[PDB]
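Below: one structure, written as structure tokens.
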Amino acid sequence: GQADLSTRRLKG
Amino acid sequence: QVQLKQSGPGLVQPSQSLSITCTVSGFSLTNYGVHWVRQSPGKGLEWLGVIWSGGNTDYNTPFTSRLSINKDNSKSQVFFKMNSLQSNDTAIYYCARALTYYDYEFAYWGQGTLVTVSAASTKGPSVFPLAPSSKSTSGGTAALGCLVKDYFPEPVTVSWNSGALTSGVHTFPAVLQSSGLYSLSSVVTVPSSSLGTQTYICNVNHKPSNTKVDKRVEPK
Amino acid sequence: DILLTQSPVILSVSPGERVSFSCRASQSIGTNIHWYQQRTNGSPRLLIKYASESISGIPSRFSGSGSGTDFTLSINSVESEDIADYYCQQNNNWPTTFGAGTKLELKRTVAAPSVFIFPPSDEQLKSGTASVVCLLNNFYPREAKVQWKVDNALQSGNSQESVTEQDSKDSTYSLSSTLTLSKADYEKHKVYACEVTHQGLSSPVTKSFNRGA
Ligand SMILES: *[C@@H]1O[C@H](CO)[C@@H](O)[C@H](O)[C@H]1NC(C)=O
């Protein structure tokens with residue numbers, strides 16, 4: 001649901 | 001040929017300020033506004049403000065007092081400056097241009113600038129080979145890689161054979177170790193028989209510490 | 001500010017299927033909505049502007065509809081390269097605001113991981129640390145178990161996992177497990193094993209080495 005720093009994608 | 005290139009990712013200390021340059025091409029700052037948008041864990045995509053063709057600025061409400069946007073038309077440069085950064089200002093910062101001069105339909109984006117807010121020091125990584133072996137083969141296919149260890153802050157770019165090798169590459173998301181340093185691996189699978197003919201090099205670049213390492217990876 | 005709500009947060013579909021992204025606004029915004037695609041390591045890419053209008057270079061399979069508060073981004077025949085996050089943006093009211101996004105993942109057939117193990121390099125052993133890496137490559141679905149054993153002792157708490165986002169070509173994931181040891185501990189033991197469990201394996205696969213060979 002939230003933006004992930006390590007991924008540059010949404011993660012949960 | 002419309003493009004926006006931003007300055008490199010970096011670390012900023014708590015309460016210190018953030019500066020990013022957006023250099024544009026394929027159009028003129030005298031004809032288009034440039035917008036700034038960030039993307040953070042806390043708030044996702046968030047519009048920050050804009051500098052218009054004629055130099056006027058609009059800033060999003062929570063940024064009125066700590067944001068300054070300037071430009072140099074001749075040098076095609078837009079300058080973003082934000083004061084008093086806190087941890088939750090850690091985000092990827094983007095410049096962007098709309099389709100039409102007056103609008104907000106963001107058709108062209110900079111590559112982004114990852115900004116980490118922390119009191120820590122920048123540290124470049126060590127690169128270690130993940131060597132192909134018998135315990136690393138699979139029906140004529142060998143896996144090999146690079147372990148990019150103990151750096152701060154994100155991000156680190158990895159490529160293989162100077163951009164030429166892309167098929168079968170996986171570069172994993174960095175994980176934060178208990179030391180508070182990051183670590184990631186990048187792997188690639190190649191034909192076993194090419195291990196004797198082809199060289200394999202991971203090109204590691206940790207821009208915040210200006211550390212560039214090319215690690216040759218060989219069978220042990 | 002206008003709140004945009006995107007539902008669901010996660011969409012999982014098979015290739016060639018139709019997929020709709022929903023975006024709802026907290027008050028009427030006319031048709032003043034734009035949609036974006038964000039791939040891994042990518043900047044947002046504009047797909048649709050003003051609810052339904054086309055953008056140069058965007059494949060025809062992307063379209064949008066809606067007006068007032070209820071909007072839809074549609075992909076009529078989804079492709080593997082559509083694996084991304086999708087965002088909506090409103091600009092009827094200052095300031096322009098963005099929805100929180102919807103993740104698009106693809107279904108595919110079960111694919112068992114290929115498993116590879118890597119001893120720490122002699123280079124790293126000089127630094128006083130040992131990393132043992134276990135790679136699980138090109139598998140589906142995402143769920144997998146990696147168990148580490150050293151001389152038959154179960155390892156716990158001393159490994160970390162990272163998983164790639166879905167591959168845009170073959171829709172698989174890859175996973176790395178790194179077991180981290182002091183050099184002293186490493187040189188004290190012989191057999192290093194990672195056991196992998198996955199839906200596509202009829203029984204766990206173990207990859208091991210003996211320190212030395
Ligand atoms: C950060 O913290 C401030 C309060 O200090 C808060 O108003 C803001 O919404 C927080 N989140 C982000 C992403 O800035």
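Every chain is numbered from 1, with letters handed out A, B, ... down the list of sequences. What you see below is based on every heavy atom in this structure, not just the backbone, and it leaves out hydrogens, waters and symmetry mates.
Neither the backbone nor the side chain of B:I92 comes within contact range of chain C, judged by heavy atoms closer than 4.5 Å. For B:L114, no part lies near chain C; criterion is any non-hydrogen pair under 4.5 Å. Both the backbone and the side chain of B:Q177 have a heavy atom closer than 4.5 Å to some heavy atom of chain C. The contact between C:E123 and chain B is made by backbone and side chain atoms together, counting heavy-atom distances below 4.5 Å. For C:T97, no part lies under 4.5 angstrom from a heavy atom of chain B. Residue C:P120 does not touch chain B at all, counting heavy-atom pairs closer than 4.5 Å. In this structure, chain C has heavy atoms under 4.5 Å from both the backbone and the side chain of B:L45.
Annotation for B:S136 and C:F118: closest pair OG-CE2, 3.5 Å, computed over non-hydrogen atoms. Between B:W109 and C:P44, the shortest heavy-atom distance links the atoms CD1-O, 3.2 Å. Closest heavy-atom contact between B:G110 and C:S43: O-OG, 2.7 Å. Nearest heavy-atom pair across B:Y104 and C:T96 is CD2-CG2, 4.1 Å. Across all their heavy atoms, C:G42 and B:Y94 have their closest contact at O-OH, 3.7 Å. Here the shortest heavy-atom pairing between C:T164 and B:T171 reads CG2-O, 4.3 Å.
Among B:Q39, B:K43, B:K149, the residue with the largest count of heavy-atom pairs under 4.5 Å with chain C is B:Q39. When each of C:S121, C:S174, C:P95 is checked for heavy-atom pairs under 4.5 Å with chain B, C:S174 comes out on top. Highest contact tally toward chain B, considering only C:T180, C:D122, C:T129, C:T178, is held by C:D122 [criterion: heavy-atom pairs under 4.5 Å].
Atoms NZ and OG, from C:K207 and B:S134 in turn, are 9.5 Å apart once rounded to the nearest 0.5 Å. Here C:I55 contributes atom CD1 and B:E105 contributes atom CD; the two are 7.0 Å apart, rounded to the nearest 0.5 Å. Within the model, atoms CZ of C:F116 and OG1 of B:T137 stand 8.0 Å from one another, a figure rounded to the nearest 0.5 Å. How far CG of C:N41 is from CD of B:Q111: 11.5 Å, rounded to the nearest 0.5 Å.
Tested against B:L130, the residues C:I117, C:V133, C:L135 include a single side-chain contact (heavy atoms from CB on, under 4.5 Å) partner, C:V133.
Close approach to chain C, defined as a heavy atom under 4.5 Å from one of its heavy atoms, is seen in B:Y59, B:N60, B:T61 of residues 57-67 of chain B, taken by number. Listed by sequence position, the residues of residues 192-204 of chain C in contact with chain B number zero, using a 4.5 angstrom heavy-atom cutoff. Along residues 31-40 of chain C, the residues that come nearer than 4.5 angstrom to chain B, judged on non-hydrogen atoms, are C:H34, C:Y36, C:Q38 in order of number.
At a threshold of 4.0 Å, the pair B:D103-C:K49 does not count as salt-bridged, since none of the basic side-chain nitrogens sits closer than that to a carboxylate oxygen.
Surrounding OH of B:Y101 are at most 12 heavy atoms belonging to other residues, nucleotides or ligands under 6.0 Å away. C:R45 CZ: more than 12 foreign heavy atoms inside a 6.0 Å radius.
Annotation: side chain of C:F209 is not in contact with side chain of B:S133 (no heavy-atom distance under 4.5 Å). Using a 4.5 Å heavy-atom cutoff, the side chains of C:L46 and B:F106 are not in contact.
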Problem set entry | C:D167/B:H170 under side chain to side chain contact (heavy atoms under 4.5 Å, CB included): CA gap, chis, key distance, verdict | CA-CA 9 Å; C:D167 187 84; B:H170 300 294; 4.2 Å; yes

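With sequence neighbours left out, B:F128 forms a ring pair (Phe, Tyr, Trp, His ring centres under 6.0 Å) with no residue at all.
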